[PDB]
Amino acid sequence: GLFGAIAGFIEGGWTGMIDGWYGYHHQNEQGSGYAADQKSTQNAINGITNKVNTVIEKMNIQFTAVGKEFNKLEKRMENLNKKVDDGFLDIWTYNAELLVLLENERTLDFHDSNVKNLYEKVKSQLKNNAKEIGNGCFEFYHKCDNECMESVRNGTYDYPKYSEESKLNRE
């Protein structure tokens, strides 16, 4: 990807995370589990819905457009009408295909960016209280229960609360 998260340092996706596009998987003494991040997922849904609706709206309603007839002494006018129709068709096919390709590339890059931003946010929250064990994961230097996992998932991680224990286990 353009930001190296999707199909990058995070190799694959999670089929067990059905509630959103981006989220977390936690594991502690209380157990393990997935949890989608609703803020980034909702923002991405809004953006992509706006993108799709914009692409649909930019194409106006095609009203009645039929062919015309010409007698045997109007071949130039017939060829002119055919040239007009063919040129418009070429231009519109070109525009449609090009726009679809560009927006697909940009949407993939947008998802990559969202995943990387979520990972970096979690990393800047955790600081040195956890180590990066790769694959988009963090191993805590302290005991992080479900309350601590929730404080990580909603952006209210308390660093000084576990700083002493993380420094002790980090040695």
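Note that residue numbering begins at 1 and tracks the sequence as displayed.
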137-145 set against 98-106, stretch whose average Cα temperature factor tops the other in the entry: 137-145
Look up the CA B-factors in the entry and say which stretch, 156-164 or 13-21, has the higher mean. 156-164
Checking the record values for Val52, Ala36, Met59, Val115, which has the greatest CA B factor? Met59
Sorting the chain's CA B-factors, does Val66 end up in the lowest, middle or highest third? highest
For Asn28, does the deposited CA B-factor place it in the lowest, middle or highest third of the chain? highest
Classify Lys121 as lowest, middle or highest third according to the C-alpha B-factor given in the PDB entry, relative to its own chain. lowest
C-alpha B factor of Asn129, ranked within the chain: lowest, middle or highest third? highest
